[PDB]
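Every heavy atom of this structure was used, including side-chain atoms; hydrogens, water molecules and symmetry mates were not. A, B, ... follow the sequence lines: proteins, then strands. Residue 1 opens every chain.
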Amino acid sequence: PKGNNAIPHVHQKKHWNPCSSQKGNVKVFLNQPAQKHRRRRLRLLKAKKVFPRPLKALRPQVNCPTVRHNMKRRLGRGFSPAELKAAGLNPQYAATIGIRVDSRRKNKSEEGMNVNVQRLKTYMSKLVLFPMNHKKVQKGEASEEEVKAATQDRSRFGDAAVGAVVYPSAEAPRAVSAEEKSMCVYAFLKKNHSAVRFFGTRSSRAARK
Amino acid sequence: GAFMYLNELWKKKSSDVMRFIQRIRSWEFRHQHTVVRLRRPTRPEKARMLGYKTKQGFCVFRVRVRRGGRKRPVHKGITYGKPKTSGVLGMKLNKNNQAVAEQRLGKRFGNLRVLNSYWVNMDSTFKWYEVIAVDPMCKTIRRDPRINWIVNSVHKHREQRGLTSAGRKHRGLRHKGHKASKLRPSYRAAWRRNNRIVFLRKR
Amino acid sequence: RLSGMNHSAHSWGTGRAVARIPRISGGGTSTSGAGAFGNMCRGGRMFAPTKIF
Amino acid sequence: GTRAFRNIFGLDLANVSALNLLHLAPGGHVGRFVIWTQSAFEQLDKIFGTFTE
Amino acid sequence: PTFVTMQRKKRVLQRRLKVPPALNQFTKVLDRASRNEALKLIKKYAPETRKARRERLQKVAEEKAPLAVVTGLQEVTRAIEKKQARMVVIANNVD
Amino acid sequence: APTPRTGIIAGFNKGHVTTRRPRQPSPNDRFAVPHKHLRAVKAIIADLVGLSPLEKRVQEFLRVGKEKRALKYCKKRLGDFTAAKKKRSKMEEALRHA
Amino acid sequence: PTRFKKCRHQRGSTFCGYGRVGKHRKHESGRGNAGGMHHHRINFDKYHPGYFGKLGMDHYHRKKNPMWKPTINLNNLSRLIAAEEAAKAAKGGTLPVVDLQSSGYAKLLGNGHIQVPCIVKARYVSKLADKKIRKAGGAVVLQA
RNA sequence: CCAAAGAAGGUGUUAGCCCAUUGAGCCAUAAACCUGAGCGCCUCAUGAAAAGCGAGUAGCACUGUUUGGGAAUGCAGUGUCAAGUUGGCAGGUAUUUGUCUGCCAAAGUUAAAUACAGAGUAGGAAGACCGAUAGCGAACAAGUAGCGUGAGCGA
RNA sequence: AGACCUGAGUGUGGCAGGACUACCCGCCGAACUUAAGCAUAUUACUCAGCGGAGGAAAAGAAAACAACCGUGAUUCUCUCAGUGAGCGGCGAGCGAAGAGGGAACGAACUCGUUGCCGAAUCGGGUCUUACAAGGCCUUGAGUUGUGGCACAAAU
Ligand SMILES: [K+]
Ligand SMILES: [K+]
Ligand SMILES: [K+]
Ligand SMILES: [K+]
Ligand SMILES: [Mg+2]
Ligand SMILES: [Mg+2]
Ligand SMILES: [Mg+2]
Ligand SMILES: [Mg+2]
Ligand SMILES: [Mg+2]
Ligand SMILES: [Mg+2]
Ligand SMILES: [Mg+2]
Ligand SMILES: [Mg+2]
Ligand SMILES: [Mg+2]
Ligand SMILES: [Mg+2]
Ligand SMILES: [Mg+2]
Ligand SMILES: [Mg+2]
Ligand SMILES: [Mg+2]
Ligand SMILES: [Mg+2]
Ligand SMILES: [Mg+2]
Ligand SMILES: [Mg+2]
Ligand SMILES: [Mg+2]
Ligand SMILES: [Mg+2]
Ligand SMILES: [Mg+2]
Ligand SMILES: [Mg+2]
Ligand SMILES: [Mg+2]
Ligand SMILES: [Mg+2]
Ligand SMILES: [Mg+2]
Ligand SMILES: [Mg+2]
Ligand SMILES: [Mg+2]
Ligand SMILES: [Mg+2]
Ligand SMILES: [Mg+2]
Ligand SMILES: [Mg+2]
Ligand SMILES: [Mg+2]
Ligand SMILES: [Mg+2]
Ligand SMILES: [Mg+2]
Ligand SMILES: [Mg+2]
C-alpha cells in the first residue's frame with residue numbers, strides 16, 4: 001500500500017541528526033530573542049558612545065539591478081567621488097564627516113548623481129560640525145549654542161537628515177491622445193522585438209544580395 | 001630601474017645563458033642539504049616582491065622537495081573497499097610542492113614566522129624554493145609597521161594552516177565569484193552553510 | 001545524545017542460553033555482561049531520545 | 001503610575017497599548033475582571049478600531 | 001669539508017661546460033694596470049662617510065655633497081639610463 | 001555621447017530613458033597605452049640572452065617557408081592561437097632585422 | 001499531541017494494526033523511490049507518468065530575474081485602479097494611469113472584458129489586449 | 001501593622017511582619033578602560049596658509065581528484081610555457097573571427113556582525129525536563145572500588 | 001700581510017619543544033549503509049589518522065556581479081530553492097549562484113614596481129627621570145638597497 005502520493009525528495013541521507021555516534025549538523029534558533037535583545041542593547045550602547053554623531057553613516061540612493069528590480073530603490077554602499085565633488089566635498093574629509101564613500105560605483109546617468117548630490121547638499125545643510133578647539137572656532141564649525149543643542153539621529157538607516165529613498169511620483173489621471181487611439185502598440189513593440197530577434201539572420205540574408 | 005632588467009632576465013628562463021646558470025646552480029643545490037640558510041636571496045627582486053627586506057630579522061632559507069606524484073602509503077599496494085579507491089600510483093597530492101616546502105621549513109624552525117616563498121630552481125629529481133622567514137623577537141621586526149603584524153600570535157605556523165600564498169593557491173582562493181562559490185571562505189565553511197539543517201523557532 | 005550509550009556493549013550471540021541484547025564487556029564489576037543500549041535495559045538509552053529541535 | 005500597585009498580591013497591571021491574550025483569558029477561559037482607567041478606556045476605539053473605522 | 005669540495009668542483013664545472021657569451025664576457029677583464037688606475041680614480045672620488053656627512057650637515061645648520069662617484073645598483077642604473085655616467089665600472093664576480 | 005535609450009523594453013536601444021554620462025577616465029586606461037620603456041628593456045634583455053629553443057625552431061620554420069607549420073608548432077607549445085600568432089610575428093620581425 | 005494518536009488506542013492490541021501475518025518489518029519494499037522500474041512500476045506508471053527520461057534543451061546558468069514576466073488580464077485591471085479613480089472614468093474623459101511595473105506586472109493580457117477604462121503603462125502587451133483596451137476608450141503605453 | 005519591599009531561602013506544622021533577603025545610597029580603589037580624541041608641564045612629532053604596476057606565473061596537453069559546473073567548477077603531478085604597440089582576465093556548449101561590457105591575477109595586514117555539534121576561567125538567569133533501575137558512568141572518599149599483560153573496561 | 005665570499009667554534013640576548021583541541025584552518029581519508037543484488041553513484045569531499053591557531057578562526061578591499069534605469073570588500077541571516085538551474089547505472093539520489101529584505105560596518109590600509117631623492121635607515125652604546133618614534137657616538141648591519149615623497153578618495 002503506497003498509493004498516489006508525491007515522490008519524496010526529502011534530502012536527509014547525511015548524518016545531520018545528533019546521535020550517540022554522530023555529532024550531527026544542525027542549527028537551532030533557540031537564541032534568537034536573546035540575540036535580538038543583545039543587538040538592540042549594543043546599538044543603544046554604541047549610540048551613547050558615539051554621541052552626538054548619528055549611529056548610521058550617510059549612504060547614497062541606488063537603483064536595484066536587473067529588469068526585475070530596476071524600478072526599486074535602496075541605499076547604496078557609499079557616495080562616489082564624482083557626487084562628492086559635485087557637492088563640494090573632498091572624499092577623504094567626507095569620510096571623517098560621517099558620509100560613506102565608495103570609489104567603485106560609477107555614475108552612468110545624470111539622474112542618480114543628481115539624487116545623491118541633493119542628499120549630500122541636504123546633509124551638509126543639516127550638519128553641525130563641532131570645533132576641534134572650542135576656544136578657537138574656525139570656518140564651518142558650530143557655535144557654543146549649536147554644540148549645546150546637539151541631539152542625535154538614531155534612525156535605522158541614518159536617513160533623518162535626507163529622508164527615505166525617493167521613488168518617482170505616480171502619473172496623474174489623464175486623457176488618451178489621438179495618437180494613442182490611432183497607434184497599434186502591439187505592432188510597434190513586436191517589430192522592435194523582431195528587429196533584434198532576427199538581426200543576425202536578417203544581416204546574413206542582407207549579404208548574398 | 002634595475003628591477004625591470006632583473007625581472008625581464010628572469011622571464012627568459014629557457015635562454016641559453018639562463019639554462020647554463022640554472023645548470024650550475026642545480027648541481028650546487030643537488031650537493032647541498034635539504035634546508036640551507038642563505039645570507040642573501042638568489043633572486044633579490046622576487047624576494048622583495050614577496051616581502052623580503054634587507055633588515056635585521058629577515059631570513060632566507062632554500063628548501064628542496066622531491067618531484068613526482070604522490071604514492072599512496074598502503075602496504076604492498078593493497079587497498080580495500082570499492083575499486084573507486086584502489087589507486088596506488090596515479091593519485092596526486094592536493095597541496096602543491098611550494099606549500100610542502102614552506103611547511104617543512106616552518107616545522108623545522110618553529111621560532112620563525114614563514115612569510116612567503118618563490119621558485120628558484122628545478123631539476124629532474126628535486127625542486128627548490130627559497131622561503132622567507134621572520135624572527136618575531138627581533139626589535140627591528142617588532143618596531144616596523146610593515147612587518148609588525150607577523151609578531152601577533154594568530155600568525156604562528158600560518159604555513160601549516162594554508163594561509164601563505166601557495167596555500168591560498170591550492171585552496172582555490174585565487175578565484176572569486178562563480179569560480180569559487182563553493183570554496184569560500186573555505187570548503188568546510190561552505191559545506192556547513194549548505195548542509196546544516198536549519199530549525200527556525202516558528203516554522 | 002550519549003546518555004545510554006557510553007559503553008562498548010556487544011551482543012553475545014546465540015548458543016550462550018541468554019537473550020541477544022548487547023551486554024557490557026569486561027569483568028570484575030556488577031555491570032559485567034549486564035545488558036545494555038536498550039530502552040528495556042537498566043542503564044540503557046531511552047526510546048526515541050528527546051531532541052531540542 | 002504603577003509604583004503603588006506593584007507589590008499588591010492579586011492585582012495584575014497592564015498597558016492598554018499591549019494587551020495580552022494570556023492575561024485577558026487565563027487558561028483559555030474568557031471573562032476576566034478588568035479595571036480600566038478612563039484614559040486607557042478611551043483609547044480602545046483607536047487601538048482596536050470599530051466595525052467601520 | 002663538503003663546502004670546500006663544492007666550491008672547487010663548482011669552479012671546475014664552470015671551466016668545463018660551454019659558457020655562453022653573456023656570461024663569458026665577465027671572464028675577460030680589464031688590464032691590471034688600467035684596473036689599478038680606475039680603482040685609484042674611484043678612490044679619489046669616494047663618497048662621504050657617516051662622520052663627514054654629519055659634520056657637513058652640522059656646518060650647514062647655521063643658515064649638497066661634494067662631487068663623488070655614483071655607487072649602488074639602482075643609482076648606477078639610473079645614471080646609465082639617463083646617460084649622466086661618463087664611465088661605468090662593473091665587478092666580475094657578483095653572485 | 002552614449003546612445004540614448006528608446007524607453008521600450010525591446011528594440012535596438014531598449015531601456016528606461018536616463019540622461020547618460022560618458023565613460024570616465026580611469027587609471028586602468030594606461031594598460032592599453034604603448035609601453036616604450038618596457039619594450040626597450042625587453043629588447044635589451046632579448047639581445048643579451050639570445051633565442052629560446054622554441055624560437056630557434058620557429059625561425060628555421062620561417063626561413064624554410066612553412067609558416068603554417070610554424071604557427072602549428074607555436075600553438076602546440078603555447079596553447080593559444082593568439083599567442084602563436086604573436087610569437088610567429090615576433091620571429092618574422094627578428095628575421096627581417098637580419 | 002501524543003494523546004490523539006492511534007498508539008494510545010492500540011495499547012493492549014499487541015500488533016498496532018500491522019497484522020499477525022505480514023507483521024511490521026523494516027523495509028519490505030526497499031528504501032525511498034527504489035524499484036520504480038522493478039516491482040514499483042505500476043505505481044509510478046499510473047500515478048507519475050513521464051517521470052523517467054529526458055526532454056528538451058539545457059539552460060546551464062538559469063537566472064530568474066531576466067525571465068521575470070508576470071501577467072495581468074484586462075478584466076483584473078480594477079485591482080490596480082483606486083475607488084474614486086474608478087468611479088470617475090469613462091470614454092473620452094480623464095482616465096486613471098496604471099503603472100504595471102510599479103504594481104509588479106510586466107505584460108498585459110486580453111482575457112475578459114475591461115470594466116473601467118484606463119491608461120495602462122506596460123512593458124509587454126498581447127495584440128488582443130491592445131485592441132480591446134483601445135476599443136474600450138483606454139490605451140496602452142509602452143515602458144521599460 | 002508594612003509594602004517603592006508579596007522574592008520563591010531558613011526556622012520543630014502551610015510565615016509579607018522570627019531570621020536572611022527584597023531599595024535608594026555610602027566607603028575603598030595598582031595598572032588598563034571611559035570623559036572638550038578628560039586636564040597641566042618638559043620633550044618629541046605634525047597639519048594647512050614621463051614612465052609602469054607582482055613569470056616557471058597565468059595559460060595549454062596528459063593523467064588524477066573534486067564540483068551542480070555539464071567538449072572539463074577548483075586543485076595537484078609532469079610536460080612546455082605567455083602577453084603586454086594595440087595588453088590581459090571574466091562574461092556557465094567546444095573552435096576561428098569580430099563588436100561590446102565589467103575588472104586588472106600571479107605580495108601583505110585588517111574590526112563587526114558568524115561558530116563553539118562531548119573545551120576551559122570568573123560569574124549569572126533559568127526550565128510545561130529527570131526525581132535515585134530516572135537524570136551524567138558518577139546526587140555518596142566515581143573515573144572510585146574492582147577486572148585485564150596491555151590498549152582499555154568500569155560499578 | 002690583508003680583504004671579500006662561502007662555512008665553522010665559542011661567549012652574550014632570545015625563541016621553539018609539551019598541554020588543550022568543543023568550534024576554526026590545512027592535509028589525509030573509510031567502510032557499514034542506500035541503490036530492495038552490485039561495480040559508477042551514495043554514505044562523504046563524512047568517521048578514524050597527521051599538523052596548526054585563536055577568542056573566535058577563516059574570509060576580506062574586485063583580473064566581483066551583471067546585461068539593469070545598473071550594483072559595488074568580506075562574513076552571516078531569510079529568501080533564492082529541493083529549484084520547469086544543473087549533476088546523476090539521467091537510477092537510487094544529489095544540487096548551488098546572481099538579484100531582493102536585512103544583521104554588521106568611522107573600513108580601510110601596507111609593500112614591491114615606476115618616477116624623484118639616495119643611509120636621511122636599522123641595530124648597539126651613552127645622556128636627557130626615558131632599553132623615548134629624542135639628541136650625540138658607532139663600520140656594527142646595510143648601497144646585492146634601509147628609508148622618504150607621488151600614483152585616481154590624486155592633481
Ligand atoms: K590497490
Ligand atoms: K563507490
Ligand atoms: K520586585
Ligand atoms: K598543474
Ligand atoms: Mg560511542
Ligand atoms: Mg577638540
Ligand atoms: Mg553566499
Ligand atoms: Mg540512563
Ligand atoms: Mg498481551
Ligand atoms: Mg493499520
Ligand atoms: Mg506487508
Ligand atoms: Mg537527447
Ligand atoms: Mg518560605
Ligand atoms: Mg584633549
Ligand atoms: Mg597585476
Ligand atoms: Mg605554470
Ligand atoms: Mg564526488
Ligand atoms: Mg588575512
Ligand atoms: Mg563555551
Ligand atoms: Mg544512577
Ligand atoms: Mg549507573
Ligand atoms: Mg604543538
Ligand atoms: Mg548508519
Ligand atoms: Mg545494497
Ligand atoms: Mg536489503
Ligand atoms: Mg551484498
Ligand atoms: Mg563526496
Ligand atoms: Mg576527524
Ligand atoms: Mg588555544
Ligand atoms: Mg584573522
Ligand atoms: Mg559584495
Ligand atoms: Mg521558492
Ligand atoms: Mg518554490
Ligand atoms: Mg555531495
Ligand atoms: Mg542585500
Ligand atoms: Mg624600498
Got a list of protein N/O to nucleotides 148-152 of chain H N/O distances below 3.5 Å?
none

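- Listed by chain and number, the residues in a salt bridge (charged side-chain N to carboxylate O under 4.0 Å, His left out) with F:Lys42 are B:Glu8 (sequence neighbours excluded).
- Of the candidates I:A53, H:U109, I:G7, I:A53 carries the atom nearest the B:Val154 side chain, counting heavy atoms from C-beta on.
- Using the rule of two distances under 3.5 Å, H:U95 and I:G9 do not count as a Watson-Crick or G-U wobble pair.
- The B:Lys92 side chain lies nearest to H:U63 when the options are H:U63, I:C122, I:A44.
- The interatomic distance linking F:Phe31 (CZ) with H:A51 (P) rounds to 15 Å, in whole Å.
- One interatomic measurement links the two molecules: CZ of F:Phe81 to P of H:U95, which rounds to 13 Å at whole-angstrom precision.
- Contacts of B:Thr85 with the nucleic acid, taken as non-hydrogen atoms under 4.0 Å apart, involve only primed sugar atoms and P, OP1 or OP2.
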Scan nucleotides 144-146 of chain H against the protein and return all N/O pairs shorter than 3.5 Å with their distances rounded to 0.1 Å.
{"unit_1": "H:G146", "atom_1": "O2'", "unit_2": "C:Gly28", "atom_2": "O", "d": "2.6"}
{"unit_1": "H:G146", "atom_1": "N2", "unit_2": "C:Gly27", "atom_2": "O", "d": "3.4"}

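- The aromatic ring of G:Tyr60 is stacked on the base of H:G70, with the two ring centres less than 5.5 Å apart and the planes inclined by under 30°.
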For the pair F:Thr19 and A:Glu111, evaluate side-chain hydrogen bond (donor to acceptor under 3.5 Å, both in side chains) and give the outcome as yes or no after the intermediate values.
CA-CA 7 Å; F:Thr19 302; A:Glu111 287 70 22; 3.1 Å; yes

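- A canonical Watson-Crick pair (purine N1 to pyrimidine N3 plus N6-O4 or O6-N4) or a G-U wobble (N1-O2 and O6-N3), each contact under 3.5 Å, is present between H:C153 and H:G146.
- Using a 4.0 Å cutoff on non-hydrogen atoms, no part of residues 13-21 of chain A comes near RNA chain H.
- If you check I:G89 against I:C38, you find a Watson-Crick or G-U wobble pair, both contacts below 3.5 Å.
- Set against I:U6, I:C111, H:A90, the side chain of B:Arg40 has I:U6 as its closest nucleotide.
- An anti base is found at I:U34: its glycosidic angle is more than 90° from 0.
- No Watson-Crick or G-U wobble pair links I:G51 with I:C24 with both defining distances under 3.5 Å.
- The bases of I:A41 and I:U34 line up as a Watson-Crick or G-U pair, and both contact lengths stay under 3.5 Å.
- Pairing partner, H:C136: none, since no Watson-Crick or wobble contact has both distances short of 3.5 Å.
- Closest to the side chain of G:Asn33, from the set I:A141, I:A92, H:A55, is I:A92.
- Distance check on atom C1': I:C109 versus I:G60 gives 12 Å, rounded to whole Å.
- With both atom-pair distances required to fall under 3.5 Å, a Watson-Crick or G-U wobble pair links I:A141 to I:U121.
- Sparse packing is recorded around CZ of F:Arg23, with 12 or fewer heavy atoms of other residues, nucleotides or ligands lying under 6.0 Å away.
- Computed from coordinates, the A:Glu110 CD to I:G70 P distance equals 11 Å when rounded to whole Å.
- Separating the NZ atom of F:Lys90 from the P atom of H:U86 is a distance of 7 Å, rounded to the nearest angstrom.
- Applying the Watson-Crick and G-U wobble criteria (two distances, each under 3.5 Å), H:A106 pairs with nothing in any strand.
- The distance between atom CZ of B:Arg113 and atom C1' of I:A16, rounded to the nearest whole Å, is 10 Å.
- Remark: I:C5 base-pairs with no nucleotide; criterion is Watson-Crick or G-U wobble with both hydrogen-bond distances under 3.5 Å.
- Contact annotation: side chain of F:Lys42 to base of H:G84, donor-acceptor pair present below 3.5 Å.
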Under a 4.0 Å heavy-atom criterion, the protein footprint on nucleotides 97-104 of chain I, written with B, S and -, is S-BSSSSS

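- Where A:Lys49 and B:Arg158 each meet RNA chain H at their nearest nucleotide, the meeting point lying more 5' is that of A:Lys49.
- With a cut-off of 3.5 Å on both Watson-Crick or G-U wobble distances, the partner of H:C100 is given as H:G91.
- The aromatic ring of A:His134 is stacked on the base of H:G36, with the two ring centres less than 5.5 Å apart and the planes inclined by under 30°.
- Syn is the classification of I:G98, since its glycosidic angle stays within 90° of 0.
- By the Watson-Crick or G-U wobble test, with both distances required under 3.5 Å, I:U138 and I:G123 count as a base pair.
- Between I:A64 and I:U71, both key atom distances fall under 3.5 Å, giving a Watson-Crick or G-U wobble pair.
- Picking from I:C137, I:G72, H:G56 the nucleotide with the shortest atom distance to the side chain of A:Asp102 gives I:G72.
- The side chain of B:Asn94 lies closest to H:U65, out of I:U144, H:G88, H:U65.
- Pairing check for H:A115 against H:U11: the Watson-Crick or wobble criterion is not satisfied at the 3.5 Å limit.
- Nearest nucleotide to the B:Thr54 side chain, out of H:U65, I:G142, I:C25: I:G142.
- Out of I:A154, I:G52, H:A51, the shortest distance to the side chain of F:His37 is found at H:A51.
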Tabulate protein N/O versus nucleotide N/O from nucleotides 17-21 of chain H, keeping only pairs under 3.5 Å, one per line.
none

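- Place C:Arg42 and B:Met122 on RNA chain H by their nearest nucleotides, and B:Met122 ends up nearer the 5' end.
- In terms of phosphate contacts, B:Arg184 brings no side-chain nitrogen or oxygen within less than 4.0 Å of OP1 or OP2 of H:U67.
- If you check H:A55 against H:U96, you find neither a Watson-Crick nor a G-U wobble pair with both contacts below 3.5 Å.
- With a cut-off of 3.5 Å on both Watson-Crick or G-U wobble distances, the partner of H:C130 is given as none.
- When the P atom is compared between I:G106 and I:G135, the two are found 37 Å apart, to the nearest whole Å.
- Atom NE2 in G:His27 sits roughly 10 Å away from atom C1' in I:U34 (whole-Å rounding).
- The CZ-P distance, from F:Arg30 to H:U85, rounds to 11 Å in whole Å.
- Listed nucleotides: I:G72, I:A53, H:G108. Nearest to the side chain of B:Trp149: H:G108.
- Note: A:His9 and G:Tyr51 have parallel aromatic rings, judged against thresholds of 30 and 60 degrees for the angle between ring planes.
- Nucleotide H:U66 holds its P atom 11 Å from the OH atom of B:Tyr187, rounded to whole Å.
- Using a 4.0 Å heavy-atom cutoff across all strands shown, A:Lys85 reaches no nucleic acid atom at all.
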